[PDB]
Amino acid sequence: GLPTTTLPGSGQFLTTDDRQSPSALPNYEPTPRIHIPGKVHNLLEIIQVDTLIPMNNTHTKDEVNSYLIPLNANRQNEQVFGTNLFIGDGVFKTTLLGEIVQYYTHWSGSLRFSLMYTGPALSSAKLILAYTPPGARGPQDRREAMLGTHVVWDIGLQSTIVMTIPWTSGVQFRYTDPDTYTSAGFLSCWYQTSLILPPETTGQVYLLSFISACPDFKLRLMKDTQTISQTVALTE
Amino acid sequence: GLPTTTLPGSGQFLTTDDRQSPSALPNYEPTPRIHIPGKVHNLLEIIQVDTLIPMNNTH
Amino acid sequence: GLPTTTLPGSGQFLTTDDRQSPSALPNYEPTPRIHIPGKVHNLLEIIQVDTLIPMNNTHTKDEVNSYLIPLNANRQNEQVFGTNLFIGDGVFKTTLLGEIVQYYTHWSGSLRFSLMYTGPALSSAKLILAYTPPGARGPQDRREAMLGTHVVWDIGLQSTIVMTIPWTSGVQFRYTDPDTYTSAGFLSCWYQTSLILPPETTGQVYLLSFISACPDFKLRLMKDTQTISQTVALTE
Amino acid sequence: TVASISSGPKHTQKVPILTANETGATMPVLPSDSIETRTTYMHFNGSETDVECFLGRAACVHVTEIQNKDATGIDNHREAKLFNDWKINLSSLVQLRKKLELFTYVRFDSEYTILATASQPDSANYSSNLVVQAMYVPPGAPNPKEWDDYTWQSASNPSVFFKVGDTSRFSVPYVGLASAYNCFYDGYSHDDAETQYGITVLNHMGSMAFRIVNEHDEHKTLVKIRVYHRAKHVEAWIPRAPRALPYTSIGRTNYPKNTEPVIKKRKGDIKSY
Amino acid sequence: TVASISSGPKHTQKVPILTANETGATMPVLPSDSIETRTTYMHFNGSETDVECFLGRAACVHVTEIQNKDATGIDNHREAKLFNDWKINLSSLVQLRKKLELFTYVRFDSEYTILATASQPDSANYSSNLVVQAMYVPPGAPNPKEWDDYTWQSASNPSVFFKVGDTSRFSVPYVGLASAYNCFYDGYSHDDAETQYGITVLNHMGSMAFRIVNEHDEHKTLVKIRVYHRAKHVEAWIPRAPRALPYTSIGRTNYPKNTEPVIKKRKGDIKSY
Amino acid sequence: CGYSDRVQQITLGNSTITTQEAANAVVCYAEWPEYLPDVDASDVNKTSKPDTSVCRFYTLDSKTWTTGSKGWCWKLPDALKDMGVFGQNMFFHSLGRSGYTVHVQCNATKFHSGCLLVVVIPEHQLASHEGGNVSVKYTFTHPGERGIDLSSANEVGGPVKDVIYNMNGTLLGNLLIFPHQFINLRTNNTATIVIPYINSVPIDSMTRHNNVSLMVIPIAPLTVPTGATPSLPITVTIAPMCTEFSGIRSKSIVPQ
Amino acid sequence: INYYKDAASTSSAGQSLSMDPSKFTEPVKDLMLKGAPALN
Amino acid sequence: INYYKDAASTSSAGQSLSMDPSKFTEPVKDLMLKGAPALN
Amino acid sequence: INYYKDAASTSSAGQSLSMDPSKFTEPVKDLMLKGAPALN
């Protein structure tokens, strides 16, 4: 009889322990595997896909217009939109990137923010996307926004701009839940010169905003999400 | 004393687990085997035999 | 089923046992380490640093004067200060060396005792630091103190003296808590010739006393300290 | 692994920041393409972001309550909880169901832990030393009718005996007929104007019937059996959009009427921070 | 290793006993520099003086009390102790807090032991065979509201099931964002005239919510859960002065008014022994 | 060396489509359709390949894009089960296998504004409008070339048409994870998505089981210039490819 | 070391280091290089 | 021998024999030798 | 590895890959080939 000594915590059921197990189905053979396209090995592969941001999050109920950033013609030195960079709350809470981040407590890396113009082709407009690192308030004017990391967007044949939000933080990782110490900063867009529409065109034009993670994105310390709920065990 | 940690589910009786067992009949010798015709190793061998179907199942 | 036999004491929680453990955070990656100055690997490295001794421990309340050893001019064959060498109690109880020693039950090695003169530069004085090994009472006069290990201190350009208290004991280790059998002895200082102050100067001059451990210092058998207390579990 | 490469001022005709999302491609634009970056390293592998760890941690996925008492005079036993049976479904708990629904196809051998606790709210001098028999029921196996049915022999049905409080640990190879579980099945089991949609052979894995085999003591011991599940050998395909609305049923993406908003409305106009 | 070297009478111009502490350096003056010493050896390694052993022994660092009873009619459950949650802090027990505060930065993977004991002061015929569910809550994880909340599934939240009296043993890699724990943080989380000082992201590691999952028996079982902690992979930097005054809060070096003296006043003048 | 990436030509069988403002074609999951290899087959009957007869561009009835249109949804191969010999090869067997080359068409001048979301959602199991535990009836999810108009009124047995929730409980902004392309009237007028066979089995039924579902969801509302017709035609053209069928059978009997 | 014969008992595989996000980020027919015009 | 894969399970490192008390005892710019005048 | 000496303790043999359904399907004296007339 091999002498053994039971260490403290013997017989406990840990929800994260990955150990061996005897099987009640001996000699069973799992189905031979076939080729299925779109195999996902890591969430960092799917989190890098662009998804529409509900930037126009000012409606009474959820609508398709929530993803449409309204633009007005003949507007000089005016703000287009403004939002914090708490990817685990706010406008990003519902995006694929935010949904994947909410399953984790710590996040790091650079974010990819893109805007696509959908107005008439004969229209011309220049926009400036400005990223405000943490420590300073949200930019209230264009001259204050342009002091930080910004990208001047010239709307032309290229309908989409890709501004990568650089990782500018002292600590190596920020918290996914809104926290003051680990704030990511602010993101805003302003009219560079003006929005010029061609003749015979009226109304407002809309921008489609996309969010995606860079290949240097990091996630760890999984946690339970607060985007889904249940109070009654499910039956057919 | 070899330090050990009992994993969850220790001491359970699983109706499909195939493990070793100490025997209460030491030094016993099972009868020497003889040749018996019609040895069945797998059910897939006997299931391939033709059997009458009660197709006229209207009685 | 591997036959095993549970030895006595199986399933017990020992507060000092260092064994393996399954982790509830699989695939987690600890932050990559960076260079931080002042890394401490062993307490024997930090315990060798000089720290002020509250030698003037005769005040009603704790004051900065507690570390100031008063000196009087024109004093011949008189004692400066006197103290036992129970590093785990008395004047040393509050010093860094004493605080680190109180976390252990046994201590050994030689101690480093230093005095620094802070009077006027044009002042002259000769002091004799005398260490009295255990077995004999505390020296009541200079002639009795000078019979044991002593170091004559000539105060000049060199403002600090470093008298190493030699390890003079029969047993290999002494107890940190005040004990008669493991007494370390006594430490005292006397005026060698006199304290001479320059013209236009009055009052008392003060000495700063330092305590530090030698590289041959030893500590073992950790124990709970009695310098900190608590009666209510802490909340924010 | 290099995280960000060193890049200085850029004055060229190649504009990596301008693209066209109409093509459906996400250009891997890096911080070095928009600003001046320094040389940095990853110092991170991503072991906890793998599907094997994201979906492969033990969690509760079903629960029930039963009793072990003098069953004399209870014609309908199973419906009186003298033994309860649960159809295996990974879609009854939401915090794991969403993670499983994040993909269209998932292949995994399972790990189950059945947690039973003894209790007596009513007058009961002690808590018996129970021995719970947990039983797997494959499609066709006789769905037992009484706590003492001819099924509990478990000759082909897997059985696991264990005491209450302590749990069983049996592994199950992937029991699907396809190469994975149909997390979404935009198809019917057969062509009929009255058949059920989605819930089909791919969904039904059998069921787990819970009981106790010890003969009764002098009081009702209302046992609540909570089931825990870990996924093993996880493989994922066809990533899907995250779940937004909650569930009402198993295997069905049907939601309720007048559901509550999911997007957090702003405080003010779009320009507020 | 040589402890003290052999040294005879010394009559030279090199005075190793005289120095100047104004430089801030501690000259390694040995006994052979002041007296005549003999050849001696150390016979000692210092394995118990290492930071890995000084700080790496299991000890109690937090405790709470809860109950497992018929929870019917208790609107506020958590505040009624139907389950209690504790924010992980190594600064609530003083005899370990001081050892941890002896340095400015500490990096360690942790080891936890949760000690629960069953008891019944009131009329209770037995002590149930409980199965305690211990749960880790990362920042963001839904801080549960009831003993039966949608959180206990523990799909992403770590869970450990075990009976009362016996303890869980799970390891935690270093969960700080920096390279170590900020034992002293002379800095604020952000720039605001109303923010809290010291207590910041570096301090909050989550919280541990304690409960029992077994359905109730007929009596109140007031459970006191004491938590034990050992530090693993300990690394220390920037040694600091020993703690002199006690604590009142977690992570704050604030002390009370009119605190008691710490220096042991002498009996007599400075010349007494 | 001078060419263009917007001028594309796709020739399948006897059909040919031409475009001059097309976006880079999307190959779902970077996997082109391929015939079922022997190493994965589970059925025993040999497969028939109507390569040229069925693998051609079939133009579906065009839709009217108005300022209030919510979107349109089509199921495959349901959308082509009434199209020539493909429908017969689909019905007269118990199962089928084939890829799809979707081609959406929406042309306009440089003055119009709007953006359409052309996305392929494999296994798009829609949600019912009654909630609780109600099911969606086979008679609706399998319209045929008609498709599902998300702006119409709900009928007993048809799924809910809340385009915001993608008819399945997922937000519209999250559909971009699937292979998709935007038809931006200022940049693109025709989208192309090559859809392979996506299923957990080597072969499955093609009448009761629809592998993929095509959706055209207007993201940006159509803003026509002053005085122009507030409508633009959207023509969807789908071409099967790598088609296979096994077990020629008495015609598959569907309702009606 | 395994204590059982059938594959249902083996432990998890750990991490699949073979990553390829191109199939999801750039599922396009023609190759698109960063910097070059997406459409020409 | 370890029974688990991740580093959170390994045992303590024991003792760090690499000691260097000079950084705390003599953190001075200029070198100071025992016996020689500290200041000159 | 076994922990006991006697054969009553060893584990099962697993699977007997040596199959031969001919003894049950074709227990005939004369050889019958598929395709050829069974009787002639």
# chains A, B, ... in the order shown; residues from 1 in each chain; ligands from 1
$ calpha_fit_and_write --fixed "chain G" --moving "chain H" --output "JSON list (two decimals) with N, CA, C and O atoms, in the first residue's frame"
[["chain", "number", "residue", "atom", "x", "y", "z"],
["H", 1, "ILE", "N", 1.60, 11.76, -18.19],
["H", 1, "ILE", "CA", 1.27, 10.35, -18.25],
["H", 1, "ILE", "C", -0.24, 10.17, -18.06],
["H", 1, "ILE", "O", -0.84, 10.78, -17.18],
["H", 2, "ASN", "N", -0.84, 9.33, -18.90],
["H", 2, "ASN", "CA", -2.26, 9.04, -18.83],
["H", 2, "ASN", "C", -2.49, 7.77, -18.01],
["H", 2, "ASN", "O", -1.63, 6.88, -18.00],
["H", 3, "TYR", "N", -3.63, 7.71, -17.33],
["H", 3, "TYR", "CA", -4.00, 6.55, -16.52],
["H", 3, "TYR", "C", -5.10, 5.72, -17.17],
["H", 3, "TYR", "O", -5.51, 4.71, -16.58],
["H", 4, "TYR", "N", -5.57, 6.11, -18.35],
["H", 4, "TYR", "CA", -6.67, 5.42, -19.01],
["H", 4, "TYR", "C", -6.33, 5.25, -20.48],
["H", 4, "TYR", "O", -5.46, 5.93, -21.03],
["H", 5, "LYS", "N", -7.04, 4.32, -21.13],
["H", 5, "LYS", "CA", -6.70, 3.94, -22.50],
["H", 5, "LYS", "C", -7.43, 4.78, -23.55],
["H", 5, "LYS", "O", -6.82, 5.15, -24.56],
["H", 6, "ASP", "N", -8.70, 5.08, -23.34],
["H", 6, "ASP", "CA", -9.51, 5.73, -24.37],
["H", 6, "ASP", "C", -9.28, 7.24, -24.38],
["H", 6, "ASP", "O", -8.91, 7.84, -23.37],
["H", 7, "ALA", "N", -9.50, 7.84, -25.56],
["H", 7, "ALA", "CA", -9.16, 9.24, -25.76],
["H", 7, "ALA", "C", -10.09, 10.17, -24.99],
["H", 7, "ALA", "O", -9.78, 11.36, -24.82],
["H", 8, "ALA", "N", -11.23, 9.67, -24.51],
["H", 8, "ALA", "CA", -12.11, 10.51, -23.71],
["H", 8, "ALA", "C", -11.47, 10.92, -22.40],
["H", 8, "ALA", "O", -11.97, 11.85, -21.74],
["H", 9, "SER", "N", -10.37, 10.28, -22.00],
["H", 9, "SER", "CA", -9.75, 10.56, -20.71],
["H", 9, "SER", "C", -8.61, 11.56, -20.80],
["H", 9, "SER", "O", -8.33, 12.25, -19.81],
["H", 10, "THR", "N", -7.93, 11.65, -21.95],
["H", 10, "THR", "CA", -6.79, 12.54, -22.07],
["H", 10, "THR", "C", -7.16, 13.96, -21.67],
["H", 10, "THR", "O", -8.33, 14.34, -21.60],
["H", 11, "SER", "N", -6.14, 14.76, -21.38],
["H", 11, "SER", "CA", -6.35, 16.14, -20.97],
["H", 11, "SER", "C", -6.46, 17.05, -22.19],
["H", 11, "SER", "O", -6.29, 16.62, -23.34],
["H", 12, "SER", "N", -6.77, 18.32, -21.94],
["H", 12, "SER", "CA", -6.90, 19.29, -23.01],
["H", 12, "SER", "C", -5.58, 19.43, -23.76],
["H", 12, "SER", "O", -4.51, 19.06, -23.28],
["H", 13, "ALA", "N", -5.67, 19.98, -24.97],
["H", 13, "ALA", "CA", -4.51, 20.17, -25.82],
["H", 13, "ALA", "C", -3.72, 21.43, -25.49],
["H", 13, "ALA", "O", -2.62, 21.61, -26.02],
["H", 14, "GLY", "N", -4.25, 22.30, -24.62],
["H", 14, "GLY", "CA", -3.54, 23.50, -24.24],
["H", 14, "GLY", "C", -3.89, 24.70, -25.10],
["H", 14, "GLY", "O", -4.95, 25.31, -24.91],
["H", 15, "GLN", "N", -3.01, 25.04, -26.03],
["H", 15, "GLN", "CA", -3.20, 26.20, -26.90],
["H", 15, "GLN", "C", -2.80, 25.83, -28.32],
["H", 15, "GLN", "O", -1.78, 25.16, -28.53],
["H", 16, "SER", "N", -3.60, 26.26, -29.29],
["H", 16, "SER", "CA", -3.29, 26.07, -30.71],
["H", 16, "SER", "C", -2.51, 27.29, -31.19],
["H", 16, "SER", "O", -3.10, 28.32, -31.52],
["H", 17, "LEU", "N", -1.18, 27.18, -31.23],
["H", 17, "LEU", "CA", -0.35, 28.30, -31.62],
["H", 17, "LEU", "C", -0.51, 28.66, -33.09],
["H", 17, "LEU", "O", -0.12, 29.77, -33.49],
["H", 18, "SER", "N", -1.06, 27.77, -33.90],
["H", 18, "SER", "CA", -1.24, 28.03, -35.33],
["H", 18, "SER", "C", -2.40, 28.99, -35.52],
["H", 18, "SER", "O", -3.57, 28.59, -35.51],
["H", 19, "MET", "N", -2.09, 30.27, -35.68],
["H", 19, "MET", "CA", -3.09, 31.31, -35.89],
["H", 19, "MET", "C", -3.06, 31.78, -37.34],
["H", 19, "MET", "O", -2.03, 31.76, -38.01],
["H", 20, "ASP", "N", -4.23, 32.22, -37.82],
["H", 20, "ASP", "CA", -4.37, 32.71, -39.19],
["H", 20, "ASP", "C", -5.62, 33.58, -39.26],
["H", 20, "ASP", "O", -6.67, 33.14, -39.75],
["H", 21, "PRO", "N", -5.54, 34.82, -38.78],
["H", 21, "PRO", "CA", -6.72, 35.70, -38.83],
["H", 21, "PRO", "C", -7.04, 36.22, -40.22],
["H", 21, "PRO", "O", -8.02, 36.96, -40.37],
["H", 22, "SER", "N", -6.26, 35.86, -41.24],
["H", 22, "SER", "CA", -6.50, 36.37, -42.58],
["H", 22, "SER", "C", -7.83, 35.86, -43.13],
["H", 22, "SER", "O", -8.52, 36.58, -43.87],
["H", 23, "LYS", "N", -8.21, 34.63, -42.79],
["H", 23, "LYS", "CA", -9.46, 34.07, -43.31],
["H", 23, "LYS", "C", -10.68, 34.86, -42.86],
["H", 23, "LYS", "O", -11.70, 34.83, -43.55],
["H", 24, "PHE", "N", -10.59, 35.56, -41.74],
["H", 24, "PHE", "CA", -11.69, 36.38, -41.23],
["H", 24, "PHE", "C", -11.52, 37.86, -41.52],
["H", 24, "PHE", "O", -12.51, 38.56, -41.73],
["H", 25, "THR", "N", -10.28, 38.36, -41.54],
["H", 25, "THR", "CA", -10.03, 39.78, -41.76],
["H", 25, "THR", "C", -9.91, 40.13, -43.24],
["H", 25, "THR", "O", -10.36, 41.20, -43.66],
["H", 26, "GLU", "N", -9.32, 39.24, -44.04],
["H", 26, "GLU", "CA", -9.13, 39.48, -45.48],
["H", 26, "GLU", "C", -9.60, 38.27, -46.27],
["H", 26, "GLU", "O", -8.80, 37.59, -46.93],
["H", 27, "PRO", "N", -10.90, 37.96, -46.24],
["H", 27, "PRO", "CA", -11.47, 36.88, -47.06],
["H", 27, "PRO", "C", -11.79, 37.32, -48.49],
["H", 27, "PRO", "O", -12.87, 37.05, -49.02],
["H", 28, "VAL", "N", -10.84, 37.99, -49.13],
["H", 28, "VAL", "CA", -11.04, 38.59, -50.44],
["H", 28, "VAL", "C", -10.38, 37.72, -51.50],
["H", 28, "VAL", "O", -9.39, 37.03, -51.24],
["H", 29, "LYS", "N", -10.94, 37.76, -52.71],
["H", 29, "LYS", "CA", -10.37, 37.02, -53.83],
["H", 29, "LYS", "C", -9.02, 37.58, -54.23],
["H", 29, "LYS", "O", -8.00, 36.88, -54.20],
["H", 30, "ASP", "N", -8.98, 38.86, -54.62],
["H", 30, "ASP", "CA", -7.74, 39.50, -55.01],
["H", 30, "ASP", "C", -6.96, 39.94, -53.77],
["H", 30, "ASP", "O", -7.55, 40.31, -52.75],
["H", 31, "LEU", "N", -5.64, 39.91, -53.88],
["H", 31, "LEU", "CA", -4.79, 40.28, -52.76],
["H", 31, "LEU", "C", -4.78, 41.79, -52.57],
["H", 31, "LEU", "O", -4.66, 42.55, -53.55],
["H", 32, "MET", "N", -4.91, 42.24, -51.33],
["H", 32, "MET", "CA", -4.91, 43.65, -50.98],
["H", 32, "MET", "C", -3.75, 43.92, -50.04],
["H", 32, "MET", "O", -3.71, 43.39, -48.92],
["H", 33, "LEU", "N", -2.81, 44.75, -50.48],
["H", 33, "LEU", "CA", -1.65, 45.11, -49.68],
["H", 33, "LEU", "C", -1.90, 46.41, -48.93],
["H", 33, "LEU", "O", -2.51, 47.34, -49.47],
["H", 34, "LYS", "N", -1.43, 46.48, -47.69],
["H", 34, "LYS", "CA", -1.59, 47.68, -46.89],
["H", 34, "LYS", "C", -0.86, 48.85, -47.55],
["H", 34, "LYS", "O", 0.32, 48.74, -47.88],
["H", 35, "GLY", "N", -1.57, 49.96, -47.74],
["H", 35, "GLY", "CA", -0.99, 51.14, -48.34],
["H", 35, "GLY", "C", -1.44, 51.36, -49.77],
["H", 35, "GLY", "O", -1.67, 52.49, -50.18],
["H", 36, "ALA", "N", -1.55, 50.27, -50.53],
["H", 36, "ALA", "CA", -1.97, 50.39, -51.91],
["H", 36, "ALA", "C", -3.47, 50.67, -52.00],
["H", 36, "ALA", "O", -4.23, 50.31, -51.09],
["H", 37, "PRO", "N", -3.92, 51.33, -53.06],
["H", 37, "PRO", "CA", -5.36, 51.60, -53.20],
["H", 37, "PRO", "C", -6.18, 50.32, -53.17],
["H", 37, "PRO", "O", -5.93, 49.38, -53.93],
["H", 38, "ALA", "N", -7.17, 50.29, -52.28],
["H", 38, "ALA", "CA", -8.06, 49.13, -52.21],
["H", 38, "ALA", "C", -8.75, 48.89, -53.55],
["H", 38, "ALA", "O", -8.82, 47.75, -54.02],
["H", 39, "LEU", "N", -9.25, 49.95, -54.17],
["H", 39, "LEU", "CA", -9.89, 49.88, -55.47],
["H", 39, "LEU", "C", -9.16, 50.80, -56.45],
["H", 39, "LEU", "O", -8.78, 51.92, -56.10],
["H", 40, "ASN", "N", -8.97, 50.31, -57.67],
["H", 40, "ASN", "CA", -8.27, 51.07, -58.70],
["H", 40, "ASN", "C", -8.88, 50.80, -60.07],
["H", 40, "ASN", "O", -9.56, 49.79, -60.27]]
$ select_by_dssp --residues "chain B" --states "strand (DSSP E or B)" --output "list in words"
residues 2, 3, 4, 13 and 14 of chain B
$ residues_around --residues "range 102-104 of chain D" --least-positions-apart "3" --cutoff "8 Å" --atoms "only C-alpha atoms" --output "PyMOL selection string"
(chain D and resi 98-99+182-184+236-243) or (chain F and resi 122-123)
$ closest_atom_pairs --of "chain D" --to "chain G" --cutoff "8 Å" --atoms "only C-alpha atoms" --output "CSV"
residue,atom,partner,partner_atom,distance
D:14,CA,G:35,CA,4.7
D:15,CA,G:35,CA,4.7
D:16,CA,G:35,CA,3.6
D:17,CA,G:35,CA,7.2
D:18,CA,G:35,CA,7.5
D:19,CA,G:38,CA,5.5
D:20,CA,G:38,CA,5.8
D:23,CA,G:28,CA,7.4
D:24,CA,G:28,CA,7.4
D:25,CA,G:26,CA,4.6
D:26,CA,G:25,CA,5.0
D:27,CA,G:34,CA,6.3
D:28,CA,G:34,CA,7.3
D:29,CA,G:34,CA,7.2
D:47,CA,G:15,CA,5.8
D:50,CA,G:15,CA,6.2
D:52,CA,G:14,CA,7.0
D:53,CA,G:14,CA,7.8
D:109,CA,G:8,CA,6.6
D:171,CA,G:8,CA,5.6
D:172,CA,G:8,CA,6.1
D:173,CA,G:8,CA,5.2
D:232,CA,G:12,CA,6.0
D:233,CA,G:12,CA,6.0
$ write_last_selection --atoms "C-alpha atoms" --output "CSV table (one decimal), in the first residue's frame"
chain,number,residue,atom,x,y,z
D,14,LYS,CA,1.3,54.9,-50.0
D,15,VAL,CA,-1.6,55.8,-47.6
D,16,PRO,CA,-2.1,52.8,-45.3
D,17,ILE,CA,-4.8,54.7,-43.4
D,18,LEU,CA,-7.1,55.1,-46.4
D,19,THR,CA,-8.9,52.0,-47.7
D,20,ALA,CA,-12.4,50.9,-48.8
D,23,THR,CA,-14.5,45.2,-50.2
D,24,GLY,CA,-15.3,43.6,-46.9
D,25,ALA,CA,-11.6,43.3,-45.8
D,26,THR,CA,-10.1,44.7,-42.6
D,27,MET,CA,-6.6,46.0,-43.4
D,28,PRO,CA,-4.2,45.2,-40.6
D,29,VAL,CA,-3.3,48.8,-40.0
D,47,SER,CA,-3.2,31.1,-23.9
D,50,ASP,CA,-8.0,30.1,-27.1
D,52,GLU,CA,-10.1,25.5,-25.6
D,53,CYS,CA,-9.9,27.8,-22.5
D,109,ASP,CA,-15.8,15.7,-25.6
D,171,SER,CA,-15.9,11.8,-19.8
D,172,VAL,CA,-18.0,11.7,-22.9
D,173,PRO,CA,-16.5,11.6,-26.4
D,232,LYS,CA,-12.9,19.3,-23.7
D,233,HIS,CA,-11.2,19.1,-27.1
$ interface_residues --of "chain C" --to "chain D" --cutoff "6 Å" --atoms "only C-alpha atoms" --output "JSON, numbers by chain"
{"C": [27, 28, 32]}
$ residues_around --residues "residue 225 in chain D" --least-positions-apart "5" --cutoff "9 Å" --atoms "only C-alpha atoms" --output "MDAnalysis selection string"
(chainID D and resid 62:66 114:117 210) or (chainID E and resid 214)
$ interface_residues --of "chain A" --to "chain F" --cutoff "6 Å" --atoms "only C-alpha atoms" --output "ChimeraX atom specification"
/A:34,38,51-52,96,118-122,200-201
$ closest_atom_pairs --of "chain C" --to "chain B" --cutoff "10 Å" --atoms "only C-alpha atoms" --output "JSON lines"
{"residue": "C:1", "atom": "CA", "partner": "B:20", "partner_atom": "CA", "distance": 5.3}
{"residue": "C:2", "atom": "CA", "partner": "B:20", "partner_atom": "CA", "distance": 8.2}
{"residue": "C:3", "atom": "CA", "partner": "B:22", "partner_atom": "CA", "distance": 9.1}
{"residue": "C:4", "atom": "CA", "partner": "B:2", "partner_atom": "CA", "distance": 9.4}
{"residue": "C:5", "atom": "CA", "partner": "B:1", "partner_atom": "CA", "distance": 8.9}
{"residue": "C:6", "atom": "CA", "partner": "B:1", "partner_atom": "CA", "distance": 8.0}
{"residue": "C:7", "atom": "CA", "partner": "B:1", "partner_atom": "CA", "distance": 6.3}
{"residue": "C:8", "atom": "CA", "partner": "B:1", "partner_atom": "CA", "distance": 9.1}
{"residue": "C:9", "atom": "CA", "partner": "B:1", "partner_atom": "CA", "distance": 9.9}
{"residue": "C:10", "atom": "CA", "partner": "B:3", "partner_atom": "CA", "distance": 8.8}
{"residue": "C:11", "atom": "CA", "partner": "B:5", "partner_atom": "CA", "distance": 8.6}
{"residue": "C:19", "atom": "CA", "partner": "B:3", "partner_atom": "CA", "distance": 8.4}
{"residue": "C:20", "atom": "CA", "partner": "B:3", "partner_atom": "CA", "distance": 9.5}
{"residue": "C:21", "atom": "CA", "partner": "B:5", "partner_atom": "CA", "distance": 9.0}
{"residue": "C:22", "atom": "CA", "partner": "B:5", "partner_atom": "CA", "distance": 9.8}
$ write_last_selection --atoms "C-alpha atoms" --output "PDB file, in the first residue's frame"
ATOM      1  CA  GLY C   1      -6.440   1.290  -8.946  1.00  0.00           C
ATOM      2  CA  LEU C   2      -3.072   2.100  -7.409  1.00  0.00           C
ATOM      3  CA  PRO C   3      -3.253   0.740  -3.827  1.00  0.00           C
ATOM      4  CA  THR C   4      -2.520   3.539  -1.362  1.00  0.00           C
ATOM      5  CA  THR C   5      -2.502   3.954   2.418  1.00  0.00           C
ATOM      6  CA  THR C   6      -3.389   7.314   3.959  1.00  0.00           C
ATOM      7  CA  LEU C   7      -0.747   8.198   6.535  1.00  0.00           C
ATOM      8  CA  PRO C   8      -1.807   9.928   9.768  1.00  0.00           C
ATOM      9  CA  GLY C   9      -2.458  13.622   9.310  1.00  0.00           C
ATOM     10  CA  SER C  10      -4.021  13.376   5.840  1.00  0.00           C
ATOM     11  CA  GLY C  11      -6.153  16.323   4.771  1.00  0.00           C
ATOM     12  CA  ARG C  19       3.181  22.131  -2.105  1.00  0.00           C
ATOM     13  CA  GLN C  20       1.841  22.285  -5.649  1.00  0.00           C
ATOM     14  CA  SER C  21      -1.646  23.550  -6.473  1.00  0.00           C
ATOM     15  CA  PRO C  22      -3.974  23.422  -9.501  1.00  0.00           C
TER      16      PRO C  22
END
$ atom_distance --atom1 "CA of residue 177 in chain C" --atom2 "CA of residue 89 in chain C"
7.1 Å
$ select_by_dssp --residues "chain G" --states "alpha helix (DSSP H)" --output "compact mmCIF listing (two decimals) with N, CA, C and O atoms, in the first residue's frame"
# COMPACT_ATOMS: atom_id res chain seq x y z
N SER G 22 -6.26 35.86 -41.24
CA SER G 22 -6.50 36.37 -42.58
C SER G 22 -7.83 35.86 -43.13
O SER G 22 -8.52 36.58 -43.87
N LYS G 23 -8.21 34.63 -42.79
CA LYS G 23 -9.46 34.07 -43.31
C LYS G 23 -10.68 34.86 -42.86
O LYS G 23 -11.70 34.83 -43.55
N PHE G 24 -10.59 35.56 -41.74
CA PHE G 24 -11.69 36.38 -41.23
C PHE G 24 -11.52 37.86 -41.52
O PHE G 24 -12.51 38.56 -41.73
N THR G 25 -10.28 38.36 -41.54
CA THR G 25 -10.03 39.78 -41.76
C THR G 25 -9.91 40.13 -43.24
O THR G 25 -10.36 41.20 -43.66
$ atom_distance --atom1 "CA of residue 106 in chain F" --atom2 "CA of residue 232 in chain F"
7.2 Å
